Every structure is written in structure tokens, then in C-alpha cells.
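Under the authors' numbering, think of the first position of the sequence shown as 2, with each following residue one higher. We treat Cβ as the ideally placed atom computed from N, Cα and C, and that holds for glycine. Read the structure below first, then the notes.
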Amino acid sequence: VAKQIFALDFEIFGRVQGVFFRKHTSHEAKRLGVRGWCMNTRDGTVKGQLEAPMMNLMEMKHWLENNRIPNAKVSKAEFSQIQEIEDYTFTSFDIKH
């Protein structure tokens, strides 16, 4: 189960645009061994998806909700349920536009 890959969706609210949030997110995902993507939304949020083994996944989720991201002020982080997936669908972690 420790080499199983799990997946979740996320959306982060607060002062999360105009503060390099996406670059920070990409850096932290990649250094935690988490794949996925994120984007700035028309709602003034950052949304995306993660894929990783459970341990790595939950570390990334912690970082997204712990509110110690430089220059960002996170008012809340929303997540989907966790699902197991057969294999990674993403090669890495990408910022979308």
C-alpha cells in the first residue's frame, strides 16, 4: 500500500494570487515527490490536482493548508476525497494557464 499512488483535487483560497503561489506550489510538490498541476482561477483562487504515494500526498496537503507559504495568506484549503489510481497520469508538476 505504501507504493500505491493516490490522487486528490484542491482549491486554495485567500491572498493566493500575485504572490508567486504557483511557483512555490510547483517547487514544494516536486521536492516532496508529488505530481500534478495548478492554476490561478477566475474566482481569485488556486486550484489543481495532486498524484503521489499517501505519505508524500499528505505532506503536500499539509503544506497547502498550513499557511506558511511566503507572501501568501490562506483563508482555507478545500480538498476532494482521496482516490487510488493505477499509475501516475502526470509526468511531473506543471503550472497551467
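8 Å Cβ cutoff met for residue i and residue j
| i | j | result |
| --- | --- | --- |
| residue 103 | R23 | Outside the shown range of the chain (2 to 98) lies residue 103, about which nothing can therefore be said. |
CA-to-CA distance, residue j to residue i, given in whole angstroms
| i | j | result |
| --- | --- | --- |
| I96 | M59 | 20 Å |
| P71 | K77 | 16 Å |
| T92 | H98 | 18 Å |
| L65 | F80 | 10 Å |
| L51 | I6 | 10 Å |
| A3 | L9 | 17 Å |
| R43 | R69 | 24 Å |
| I86 | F21 | 30 Å |
| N67 | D88 | 28 Å |
| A30 | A53 | 9 Å |
| residue 151 | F94 | Nothing about residue 151 can be read from this structure; the chain reaches only from 2 to 98. |
| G19 | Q84 | 31 Å |
Pick from the options that is closest to residue i, judged by C-alpha positions
| i | options | result |
| --- | --- | --- |
| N41 | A53, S27, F7 | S27 |
| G34 | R69, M56, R43 | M56 |
**Asked** Hey, which unbroken runs of the beta strand (DSSP E) at 3 residues or more fall wholly within the segment 15-80?
**Response** Segments of the beta strand (DSSP E) lying fully in the segment 15-80: 36-41, 47-53, 74-80.
**Asked** Are there three or more Cβ pairs, one per stretch, closer than 8 Å when the segment 3-13 is compared with the segment 38-48?
**Response** Taking 8 Å as the limit for Cβ pairs, the verdict is that the segment 38-48 does touch the segment 3-13.
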